[PDB]
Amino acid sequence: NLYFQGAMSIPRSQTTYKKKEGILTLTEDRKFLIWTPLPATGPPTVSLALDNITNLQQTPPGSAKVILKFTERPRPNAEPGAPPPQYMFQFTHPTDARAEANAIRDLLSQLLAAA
């Protein structure tokens, strides 16, 4: 009856959000996905609770851009026809963009399944 939690380290990935360079990571409690614009010393501009994330999608390998797209639960007063909130992070590490995207994706999918 053993219980295991994930033990990989939390990555800090070079990513662009709405055409600004920054760092995508998770909070230490692994409850929030946070993006902070460079220099990365101010507060996050995107903070998405993992409990509110309903989907994770990626550009397929070989695409022009390496992007992860996260979808959130609809906001409380959203109109029923409206698309759900979404957040696209382009991975910009010149050699490691796809590997960094895969690392975050894998860590996120584990946490999302564990909750």
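Definition used throughout: the rigid core is the maximal C-alpha set that superposes within 1.5 Å between two forms. So that there is no doubt, residue numbering starts at 1 and follows the sequence shown.
With 87 to 95 and 8 to 16 as candidates, the stretch whose CA atoms show the greater average offset from this form in 5 other deposited structures of this protein after a core fit is 8 to 16.
Looking at the other PDB entries for this protein, residue 37 is present in the model in all of those that include the residues around it, rather than absent from a third. Residue 74, modelled here, also has coordinates in every other compared entry of this protein that models residues flanking it, well short of the third needed to call it frequently missing. For the pair 31 to 39 and 70 to 78, the mean Cα B-factor is higher in 70 to 78.
Sort the modelled residues of the chain by CA B factor and residue 15 lands in the lowest third.
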